[PDB]
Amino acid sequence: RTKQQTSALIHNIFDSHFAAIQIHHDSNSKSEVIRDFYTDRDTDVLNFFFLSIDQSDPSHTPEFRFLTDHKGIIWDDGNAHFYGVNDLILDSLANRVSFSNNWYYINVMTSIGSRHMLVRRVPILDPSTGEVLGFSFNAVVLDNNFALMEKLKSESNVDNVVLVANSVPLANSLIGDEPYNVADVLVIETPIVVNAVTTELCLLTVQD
């Protein structure tokens, strides 16, 4: 009975995380700083710009971002590297995400394990001519996303939460000193559905 209201709550927190990142991504992409970067290519001004926006709303930032022109990637923030998302995999992500303004669920192997990501792009425009200079990409990495699992637990007031993809755990909020571990949990199951598309992702909450 009460399985319904818990499922709806954590899915609302899940959605609000991505909606907030989506809103920032759209707004940041209208910025004069990014447009001017396509001309002068000054990495120091661009990095400082992204540092300042992330400072204000730290919880709603992507794990990594990159910019393309029409030939290929011209900049990335350097965060992808430690996730195992190497330069060839970045190139592949840019090719796979062929429509703008829509999240894509991508599960891709790397040299350090599978990476389960939500990725989206937005066009960078010249406001006067309508020219598309290129695209800005935002990627959320779900695997062992400490901050995201902590936010799902915290805002839903459940005891713990585990993110799963096809019965394999990707991330969890467990501190480590509780009577159970992740394998034991594998109480309520909540499939991740985005715009009525069923994904292989599931949120498992512990209330008992």
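Start at 1 with the first residue shown and count on from there.
J.: Does the deposited sequence hold unmodelled residues between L186 and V187, and if so, how many: none, 1 to 3, 4 to 9, or 10 or more?
T.: In the deposited sequence, 10 or more residues between these two have no coordinates.
J.: Tell me which stretch has the larger mean Cα B-factor in this entry, 193-201 or 5-13.
T.: Mean CA B-factor is higher for 5-13.
J.: Could you check which stretch, 143-151 or 40-48, carries the larger mean CA temperature factor in the entry?
T.: The stretch with the larger mean CA B-factor is 40-48.
J.: What's the residue among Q55, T68, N172, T61 with the greatest CA temperature factor in the PDB record?
T.: Checking the PDB record, the top C-alpha B-factor among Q55, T68, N172, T61 is at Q55.
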